[PDB]
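Structure below is model29.pdb: PDB, C-alpha atoms and all ligand atoms.
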```pdb
MODEL        1
ATOM      1  CA  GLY A   1     -42.175  57.732  27.748  1.00  0.00           C
ATOM      2  CA  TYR A   2     -45.864  56.853  27.377  1.00  0.00           C
ATOM      3  CA  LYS A   3     -48.428  59.468  28.369  1.00  0.00           C
ATOM      4  CA  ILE A   4     -51.399  57.881  30.187  1.00  0.00           C
ATOM      5  CA  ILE A   5     -54.220  60.192  31.289  1.00  0.00           C
ATOM      6  CA  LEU A   6     -57.168  59.782  33.654  1.00  0.00           C
ATOM      7  CA  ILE A   7     -60.480  61.428  32.771  1.00  0.00           C
ATOM      8  CA  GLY A   8     -63.984  61.099  34.140  1.00  0.00           C
ATOM      9  CA  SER A   9     -66.384  63.092  36.265  1.00  0.00           C
ATOM     10  CA  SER A  10     -65.599  64.450  39.721  1.00  0.00           C
ATOM     11  CA  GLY A  11     -65.443  61.988  42.605  1.00  0.00           C
ATOM     12  CA  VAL A  12     -65.441  58.754  40.584  1.00  0.00           C
ATOM     13  CA  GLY A  13     -62.077  57.652  42.016  1.00  0.00           C
ATOM     14  CA  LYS A  14     -59.490  58.729  39.413  1.00  0.00           C
ATOM     15  CA  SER A  15     -56.954  59.958  41.952  1.00  0.00           C
ATOM     16  CA  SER A  16     -57.565  57.007  44.270  1.00  0.00           C
ATOM     17  CA  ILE A  17     -56.913  54.511  41.471  1.00  0.00           C
ATOM     18  CA  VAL A  18     -53.650  56.318  40.666  1.00  0.00           C
ATOM     19  CA  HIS A  19     -52.533  56.350  44.310  1.00  0.00           C
ATOM     20  CA  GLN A  20     -53.291  52.656  44.730  1.00  0.00           C
ATOM     21  CA  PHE A  21     -51.248  51.776  41.640  1.00  0.00           C
ATOM     22  CA  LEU A  22     -48.298  53.971  42.612  1.00  0.00           C
ATOM     23  CA  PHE A  23     -48.274  53.832  46.427  1.00  0.00           C
ATOM     24  CA  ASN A  24     -50.529  50.933  47.555  1.00  0.00           C
ATOM     25  CA  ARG A  25     -52.294  53.523  49.723  1.00  0.00           C
ATOM     26  CA  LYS A  26     -53.955  56.913  49.524  1.00  0.00           C
ATOM     27  CA  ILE A  27     -51.553  59.766  50.287  1.00  0.00           C
ATOM     28  CA  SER A  28     -53.947  62.248  51.838  1.00  0.00           C
ATOM     29  CA  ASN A  29     -52.151  65.565  51.296  1.00  0.00           C
ATOM     30  CA  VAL A  30     -50.907  65.409  47.695  1.00  0.00           C
ATOM     31  CA  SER A  31     -52.628  66.580  44.511  1.00  0.00           C
ATOM     32  CA  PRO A  32     -51.483  66.974  40.895  1.00  0.00           C
ATOM     33  CA  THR A  33     -49.976  70.182  39.586  1.00  0.00           C
ATOM     34  CA  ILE A  34     -51.781  71.670  36.608  1.00  0.00           C
ATOM     35  CA  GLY A  35     -49.989  71.314  33.287  1.00  0.00           C
ATOM     36  CA  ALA A  36     -47.662  68.489  34.307  1.00  0.00           C
ATOM     37  CA  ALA A  37     -47.735  64.767  34.832  1.00  0.00           C
ATOM     38  CA  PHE A  38     -48.445  63.667  38.366  1.00  0.00           C
ATOM     39  CA  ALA A  39     -45.940  60.815  38.468  1.00  0.00           C
ATOM     40  CA  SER A  40     -43.874  58.567  36.263  1.00  0.00           C
ATOM     41  CA  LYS A  41     -43.361  54.852  36.804  1.00  0.00           C
ATOM     42  CA  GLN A  42     -40.981  52.415  35.156  1.00  0.00           C
ATOM     43  CA  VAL A  43     -42.618  49.084  34.316  1.00  0.00           C
ATOM     44  CA  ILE A  44     -41.620  45.854  32.590  1.00  0.00           C
ATOM     45  CA  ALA A  45     -44.373  44.555  30.335  1.00  0.00           C
ATOM     46  CA  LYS A  46     -45.196  40.871  29.884  1.00  0.00           C
ATOM     47  CA  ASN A  47     -43.245  40.901  26.611  1.00  0.00           C
ATOM     48  CA  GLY A  48     -40.127  42.223  28.342  1.00  0.00           C
ATOM     49  CA  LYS A  49     -40.250  45.747  26.957  1.00  0.00           C
ATOM     50  CA  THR A  50     -39.376  48.412  29.513  1.00  0.00           C
ATOM     51  CA  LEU A  51     -41.757  51.360  29.544  1.00  0.00           C
ATOM     52  CA  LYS A  52     -41.706  54.694  31.350  1.00  0.00           C
ATOM     53  CA  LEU A  53     -45.351  55.563  32.067  1.00  0.00           C
ATOM     54  CA  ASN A  54     -46.121  59.264  32.524  1.00  0.00           C
ATOM     55  CA  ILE A  55     -49.392  59.393  34.446  1.00  0.00           C
ATOM     56  CA  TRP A  56     -51.581  62.504  34.258  1.00  0.00           C
ATOM     57  CA  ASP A  57     -54.379  63.094  36.764  1.00  0.00           C
ATOM     58  CA  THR A  58     -56.670  66.079  37.096  1.00  0.00           C
ATOM     59  CA  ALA A  59     -56.524  68.679  39.858  1.00  0.00           C
ATOM     60  CA  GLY A  60     -60.322  68.885  40.083  1.00  0.00           C
ATOM     61  CA  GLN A  61     -60.876  70.848  36.859  1.00  0.00           C
ATOM     62  CA  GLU A  62     -63.221  68.144  35.494  1.00  0.00           C
ATOM     63  CA  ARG A  63     -65.969  69.535  37.762  1.00  0.00           C
ATOM     64  CA  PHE A  64     -66.232  72.410  35.275  1.00  0.00           C
ATOM     65  CA  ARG A  65     -65.998  70.281  32.096  1.00  0.00           C
ATOM     66  CA  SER A  66     -62.816  72.272  31.471  1.00  0.00           C
ATOM     67  CA  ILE A  67     -60.013  69.882  30.518  1.00  0.00           C
ATOM     68  CA  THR A  68     -57.522  71.646  28.257  1.00  0.00           C
ATOM     69  CA  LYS A  69     -56.026  70.736  24.908  1.00  0.00           C
ATOM     70  CA  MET A  70     -52.614  70.330  26.524  1.00  0.00           C
ATOM     71  CA  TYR A  71     -53.922  67.875  29.128  1.00  0.00           C
ATOM     72  CA  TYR A  72     -55.175  65.592  26.355  1.00  0.00           C
ATOM     73  CA  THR A  73     -52.512  66.127  23.702  1.00  0.00           C
ATOM     74  CA  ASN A  74     -49.939  63.413  22.917  1.00  0.00           C
ATOM     75  CA  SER A  75     -51.770  60.809  25.001  1.00  0.00           C
ATOM     76  CA  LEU A  76     -51.108  57.185  24.131  1.00  0.00           C
ATOM     77  CA  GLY A  77     -53.438  55.650  26.713  1.00  0.00           C
ATOM     78  CA  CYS A  78     -56.510  56.900  28.511  1.00  0.00           C
ATOM     79  CA  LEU A  79     -58.475  55.561  31.473  1.00  0.00           C
ATOM     80  CA  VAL A  80     -62.069  56.861  31.459  1.00  0.00           C
ATOM     81  CA  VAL A  81     -63.377  56.278  34.972  1.00  0.00           C
ATOM     82  CA  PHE A  82     -66.940  56.280  36.248  1.00  0.00           C
ATOM     83  CA  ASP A  83     -68.634  55.251  39.504  1.00  0.00           C
ATOM     84  CA  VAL A  84     -71.015  52.269  39.269  1.00  0.00           C
ATOM     85  CA  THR A  85     -73.320  53.848  41.879  1.00  0.00           C
ATOM     86  CA  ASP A  86     -73.405  57.280  40.142  1.00  0.00           C
ATOM     87  CA  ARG A  87     -75.577  57.129  37.029  1.00  0.00           C
ATOM     88  CA  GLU A  88     -74.600  60.607  35.818  1.00  0.00           C
ATOM     89  CA  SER A  89     -70.925  59.640  35.898  1.00  0.00           C
ATOM     90  CA  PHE A  90     -71.669  56.742  33.545  1.00  0.00           C
ATOM     91  CA  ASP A  91     -73.745  58.915  31.236  1.00  0.00           C
ATOM     92  CA  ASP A  92     -70.774  61.321  31.145  1.00  0.00           C
ATOM     93  CA  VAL A  93     -68.460  58.608  29.735  1.00  0.00           C
ATOM     94  CA  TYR A  94     -69.789  59.357  26.236  1.00  0.00           C
ATOM     95  CA  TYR A  95     -68.888  63.027  26.644  1.00  0.00           C
ATOM     96  CA  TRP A  96     -65.425  62.239  28.023  1.00  0.00           C
ATOM     97  CA  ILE A  97     -64.489  59.860  25.195  1.00  0.00           C
ATOM     98  CA  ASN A  98     -65.743  62.357  22.605  1.00  0.00           C
ATOM     99  CA  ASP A  99     -63.767  65.150  24.267  1.00  0.00           C
ATOM    100  CA  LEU A 100     -60.631  62.993  24.234  1.00  0.00           C
ATOM    101  CA  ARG A 101     -61.049  62.181  20.555  1.00  0.00           C
ATOM    102  CA  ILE A 102     -61.512  65.802  19.456  1.00  0.00           C
ATOM    103  CA  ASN A 103     -58.399  66.861  21.417  1.00  0.00           C
ATOM    104  CA  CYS A 104     -56.067  63.928  20.740  1.00  0.00           C
ATOM    105  CA  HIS A 105     -55.676  61.685  17.704  1.00  0.00           C
ATOM    106  CA  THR A 106     -52.768  59.608  19.070  1.00  0.00           C
ATOM    107  CA  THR A 107     -54.597  57.495  21.675  1.00  0.00           C
ATOM    108  CA  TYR A 108     -53.827  53.828  21.078  1.00  0.00           C
ATOM    109  CA  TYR A 109     -55.980  52.354  23.865  1.00  0.00           C
ATOM    110  CA  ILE A 110     -59.045  53.698  25.705  1.00  0.00           C
ATOM    111  CA  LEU A 111     -60.135  51.729  28.795  1.00  0.00           C
ATOM    112  CA  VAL A 112     -63.394  52.509  30.611  1.00  0.00           C
ATOM    113  CA  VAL A 113     -63.075  51.761  34.321  1.00  0.00           C
ATOM    114  CA  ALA A 114     -66.293  50.907  36.170  1.00  0.00           C
ATOM    115  CA  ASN A 115     -65.107  51.874  39.653  1.00  0.00           C
ATOM    116  CA  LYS A 116     -66.338  51.424  43.255  1.00  0.00           C
ATOM    117  CA  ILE A 117     -67.389  47.767  42.929  1.00  0.00           C
ATOM    118  CA  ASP A 118     -66.755  47.415  46.679  1.00  0.00           C
ATOM    119  CA  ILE A 119     -70.133  49.084  47.251  1.00  0.00           C
ATOM    120  CA  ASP A 120     -73.193  46.875  47.753  1.00  0.00           C
ATOM    121  CA  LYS A 121     -74.618  45.906  44.366  1.00  0.00           C
ATOM    122  CA  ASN A 122     -78.016  47.137  45.575  1.00  0.00           C
ATOM    123  CA  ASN A 123     -76.582  50.649  45.082  1.00  0.00           C
ATOM    124  CA  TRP A 124     -75.280  50.113  41.529  1.00  0.00           C
ATOM    125  CA  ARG A 125     -77.039  52.129  38.815  1.00  0.00           C
ATOM    126  CA  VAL A 126     -75.501  50.415  35.759  1.00  0.00           C
ATOM    127  CA  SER A 127     -75.324  46.815  34.547  1.00  0.00           C
ATOM    128  CA  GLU A 128     -72.465  45.005  32.841  1.00  0.00           C
ATOM    129  CA  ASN A 129     -74.638  44.561  29.740  1.00  0.00           C
ATOM    130  CA  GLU A 130     -74.975  48.341  29.310  1.00  0.00           C
ATOM    131  CA  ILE A 131     -71.225  48.794  29.728  1.00  0.00           C
ATOM    132  CA  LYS A 132     -70.537  46.023  27.197  1.00  0.00           C
ATOM    133  CA  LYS A 133     -72.951  47.572  24.699  1.00  0.00           C
ATOM    134  CA  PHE A 134     -71.541  51.073  25.167  1.00  0.00           C
ATOM    135  CA  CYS A 135     -67.960  49.916  24.635  1.00  0.00           C
ATOM    136  CA  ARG A 136     -68.949  47.952  21.537  1.00  0.00           C
ATOM    137  CA  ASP A 137     -70.703  50.987  20.062  1.00  0.00           C
ATOM    138  CA  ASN A 138     -67.852  53.359  20.973  1.00  0.00           C
ATOM    139  CA  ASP A 139     -64.731  51.296  20.163  1.00  0.00           C
ATOM    140  CA  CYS A 140     -63.215  51.011  23.624  1.00  0.00           C
ATOM    141  CA  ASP A 141     -62.536  48.409  26.316  1.00  0.00           C
ATOM    142  CA  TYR A 142     -63.839  48.160  29.885  1.00  0.00           C
ATOM    143  CA  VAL A 143     -62.973  46.697  33.296  1.00  0.00           C
ATOM    144  CA  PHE A 144     -64.503  46.673  36.761  1.00  0.00           C
ATOM    145  CA  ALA A 145     -62.409  47.954  39.648  1.00  0.00           C
ATOM    146  CA  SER A 146     -62.259  49.314  43.173  1.00  0.00           C
ATOM    147  CA  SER A 147     -59.452  51.550  44.387  1.00  0.00           C
ATOM    148  CA  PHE A 148     -59.622  49.482  47.607  1.00  0.00           C
ATOM    149  CA  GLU A 149     -59.031  46.156  45.796  1.00  0.00           C
ATOM    150  CA  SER A 150     -55.382  46.098  44.728  1.00  0.00           C
ATOM    151  CA  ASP A 151     -55.853  43.172  42.349  1.00  0.00           C
ATOM    152  CA  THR A 152     -58.368  45.143  40.270  1.00  0.00           C
ATOM    153  CA  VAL A 153     -56.009  48.107  40.027  1.00  0.00           C
ATOM    154  CA  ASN A 154     -53.122  45.855  38.972  1.00  0.00           C
ATOM    155  CA  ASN A 155     -55.455  44.284  36.403  1.00  0.00           C
ATOM    156  CA  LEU A 156     -56.522  47.571  34.810  1.00  0.00           C
ATOM    157  CA  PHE A 157     -52.982  48.979  34.635  1.00  0.00           C
ATOM    158  CA  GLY A 158     -51.764  45.610  33.378  1.00  0.00           C
ATOM    159  CA  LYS A 159     -54.191  45.800  30.461  1.00  0.00           C
ATOM    160  CA  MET A 160     -52.998  49.344  29.750  1.00  0.00           C
ATOM    161  CA  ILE A 161     -49.300  48.368  30.019  1.00  0.00           C
ATOM    162  CA  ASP A 162     -49.717  45.413  27.696  1.00  0.00           C
ATOM    163  CA  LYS A 163     -51.412  47.598  25.070  1.00  0.00           C
ATOM    164  CA  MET A 164     -48.688  50.251  25.408  1.00  0.00           C
ATOM    165  CA  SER A 165     -46.017  47.563  25.021  1.00  0.00           C
ATOM    166  CA  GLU A 166     -47.377  46.715  21.555  1.00  0.00           C
ATOM    167  CA  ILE A 167     -46.836  50.230  20.154  1.00  0.00           C
ATOM    168  CA  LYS A 168     -44.100  50.372  17.508  1.00  0.00           C
TER     169      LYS A 168
HETATM  170  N1  LIG B   1     -66.321  53.131  48.030  1.00  0.00           N
HETATM  171  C1  LIG B   1     -65.322  53.536  47.206  1.00  0.00           C
HETATM  172  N2  LIG B   1     -64.897  54.805  47.336  1.00  0.00           N
HETATM  173  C2  LIG B   1     -63.898  55.257  46.536  1.00  0.00           C
HETATM  174  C3  LIG B   1     -63.286  54.361  45.562  1.00  0.00           C
HETATM  175  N3  LIG B   1     -62.341  55.086  44.908  1.00  0.00           N
HETATM  176  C4  LIG B   1     -62.326  56.319  45.461  1.00  0.00           C
HETATM  177  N4  LIG B   1     -63.269  56.415  46.439  1.00  0.00           N
HETATM  178  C5  LIG B   1     -63.580  57.581  47.278  1.00  0.00           C
HETATM  179  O1  LIG B   1     -64.313  58.537  46.536  1.00  0.00           O
HETATM  180  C6  LIG B   1     -63.860  59.853  46.887  1.00  0.00           C
HETATM  181  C7  LIG B   1     -63.394  60.586  45.631  1.00  0.00           C
HETATM  182  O2  LIG B   1     -62.246  59.874  45.157  1.00  0.00           O
HETATM  183  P1  LIG B   1     -61.162  60.626  44.245  1.00  0.00           P
HETATM  184  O3  LIG B   1     -60.044  59.654  43.987  1.00  0.00           O
HETATM  185  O4  LIG B   1     -60.722  61.928  44.848  1.00  0.00           O
HETATM  186  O5  LIG B   1     -62.000  60.880  42.907  1.00  0.00           O
HETATM  187  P2  LIG B   1     -61.646  61.833  41.640  1.00  0.00           P
HETATM  188  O6  LIG B   1     -62.392  63.132  41.867  1.00  0.00           O
HETATM  189  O7  LIG B   1     -62.227  61.084  40.492  1.00  0.00           O
HETATM  190  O8  LIG B   1     -60.140  62.023  41.606  1.00  0.00           O
HETATM  191  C8  LIG B   1     -62.745  59.667  47.901  1.00  0.00           C
HETATM  192  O9  LIG B   1     -63.343  59.753  49.204  1.00  0.00           O
HETATM  193  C9  LIG B   1     -62.272  58.255  47.659  1.00  0.00           C
HETATM  194  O10 LIG B   1     -61.617  57.629  48.775  1.00  0.00           O
HETATM  195  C10 LIG B   1     -63.809  52.983  45.479  1.00  0.00           C
HETATM  196  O11 LIG B   1     -63.357  52.150  44.667  1.00  0.00           O
HETATM  197  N5  LIG B   1     -64.799  52.659  46.327  1.00  0.00           N
HETATM  198 MG    MG B   2     -58.898  63.596  41.592  1.00  0.00          MG
ENDMDL
END
```

Structure encoded using structure tokens:
Amino acid sequence: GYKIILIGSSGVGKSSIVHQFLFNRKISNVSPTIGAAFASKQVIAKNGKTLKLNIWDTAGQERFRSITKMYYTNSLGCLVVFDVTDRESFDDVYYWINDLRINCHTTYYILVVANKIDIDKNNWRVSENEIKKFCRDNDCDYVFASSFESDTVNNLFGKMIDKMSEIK
């Protein structure tokens, strides 16, 4: 299968994005087990390739900046999530992408997710122009999302699935 990992600072919505993609709702009393994938999902890409996605989510250990080698290793895709209203979580994106790249050299596609767009724009602390510039300077892609807007979650996983489907 294809290992896809979620990274990003605490509380940005990593688990909620995963639950929306897998369950169309938040399951309130389930959390990932350390050292293993949270869930796998069979998908059919636009090109008709069938892919087994193996989705890794943290169990809260990102609060300590303590993601292990084995969490990162063998990843083919990575979603780097931040919260548009949380400036520190955006500033951390640089750290997270660097940490991924020192621990894993197999990542084919890195997608920055600017999450929580459901919140009033008066509370946003980052502009699209800054996100565009950061992703240009750091060789990654970006999308806007909200875990409460199913279309945005389908869009971000769709971009990831289509990139994974191109791997030979
Ligand atoms: N307003 C808003 N809240 C969100 C969104 N995604 C997640 N949350 C909330 O933010 C809190 C932390 O989310 P969680 O998924 O546990 O973040 P994680 O620490 O990155 O895994 C929870 O109360 C979520 O329901 C979003 O898109 N918009
Ligand atoms: Mg979480």

*asked:* Taking the file as I've supplied it (selection: the PyMOL selection byres (((chain A and resi 2) around 6) and not hetatm)), which residues are included? Please answer as a PyMOL selection string.
replied: chain A and resi 1+3+53-54

- Message: If we count only C-alpha atoms and set the cut-off at 7 Å, which residues sit around stretch 92-105 of chain A, ignoring sequence neighbours fewer than 2 positions away in its own chain? Please answer as a PyMOL selection string.
- Response: chain A and resi 7-9+69+72-75+80+88-90+107

**Prompt:** Which protein, DNA or RNA residues are at most 10 Å from (-56.4, 56.5, 38.7) in the file's coordinates when you count all atoms listed in the file, listed as an NGL selection string?
**Reply:** :A and (4-8 or 12-22 or 55-58 or 79-81 or 113 or 115 or 147 or 153 or 156-157)

| request: Give as an MDAnalysis selection string the residues that the PyMOL selection byres (((chain A and resi 162) around 12) and not hetatm) matches when applied to the coordinates above. | output: chainID A and resid 43:51 53 77 108:109 154:161 163:167

Atoms kept (C-alpha atoms) for selection, written as an mmCIF file, in the frame of the given file:
```cif
data_model
loop_
_atom_site.group_PDB
_atom_site.id
_atom_site.type_symbol
_atom_site.label_atom_id
_atom_site.label_comp_id
_atom_site.auth_asym_id
_atom_site.auth_seq_id
_atom_site.Cartn_x
_atom_site.Cartn_y
_atom_site.Cartn_z
ATOM 1 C CA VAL A 43 -42.618 49.084 34.316
ATOM 2 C CA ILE A 44 -41.620 45.854 32.590
ATOM 3 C CA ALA A 45 -44.373 44.555 30.335
ATOM 4 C CA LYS A 46 -45.196 40.871 29.884
ATOM 5 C CA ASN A 47 -43.245 40.901 26.611
ATOM 6 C CA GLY A 48 -40.127 42.223 28.342
ATOM 7 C CA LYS A 49 -40.250 45.747 26.957
ATOM 8 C CA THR A 50 -39.376 48.412 29.513
ATOM 9 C CA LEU A 51 -41.757 51.360 29.544
ATOM 10 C CA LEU A 53 -45.351 55.563 32.067
ATOM 11 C CA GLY A 77 -53.438 55.650 26.713
ATOM 12 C CA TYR A 108 -53.827 53.828 21.078
ATOM 13 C CA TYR A 109 -55.980 52.354 23.865
ATOM 14 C CA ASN A 154 -53.122 45.855 38.972
ATOM 15 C CA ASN A 155 -55.455 44.284 36.403
ATOM 16 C CA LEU A 156 -56.522 47.571 34.810
ATOM 17 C CA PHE A 157 -52.982 48.979 34.635
ATOM 18 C CA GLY A 158 -51.764 45.610 33.378
ATOM 19 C CA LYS A 159 -54.191 45.800 30.461
ATOM 20 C CA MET A 160 -52.998 49.344 29.750
ATOM 21 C CA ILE A 161 -49.300 48.368 30.019
ATOM 22 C CA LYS A 163 -51.412 47.598 25.070
ATOM 23 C CA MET A 164 -48.688 50.251 25.408
ATOM 24 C CA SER A 165 -46.017 47.563 25.021
ATOM 25 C CA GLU A 166 -47.377 46.715 21.555
ATOM 26 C CA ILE A 167 -46.836 50.230 20.154
#
```

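Take atom CA of residue A:121 and atom CA of residue A:84: the distance between them is 8.9 Å.
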
Once 5 Å is added on each side, what are the centre and the three edge lengths, in Å to one decimal, of the axis-aligned box enclosing the listed atoms of ligand LIG 1 (chain B)? Present them as lines of an AutoDock Vina configuration file.
```
center_x = -63.2
center_y = 57.6
center_z = 44.8
size_x = 16.3
size_y = 21.0
size_z = 18.7
```

If you count only C-alpha atoms, the residue of A:10, A:85, A:106, A:61 closest to residue A:32 turns out to be A:61

*Considering all atoms listed in the file, state which residue in the set A:134, A:142, A:82, A:124 is at the smallest distance from ligand LIG 1 (chain B).*
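Closest candidate: A:82.
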
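The closest residue to ligand LIG 1 (chain B), picked from A:117, A:78, A:111, A:39 and counting all atoms listed in the file, is A:117.
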
Exercise for review: Within 9 Å of residue A:118, counting only C-alpha atoms, which residues show up once you throw out same-chain ones fewer than 6 positions away? Write them as a ChimeraX atom specification, please.
Suggested key: /A:145-149

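When only C-alpha atoms and all ligand atoms are used to measure the gap to ligand LIG 1 (chain B), the shortest distance among A:126, A:36, A:114, A:67 belongs to A:114.
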
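Going from atom MG of ligand MG 2 (chain B) to atom CA of residue A:11 covers 6.8 Å.
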
Next on the checklist: From the options A:41, A:34, A:83, A:139, which residue's atoms come nearest to residue A:60, counting only C-alpha atoms?
Outcome noted: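 So, comparing all the options, the nearest one is A:34.
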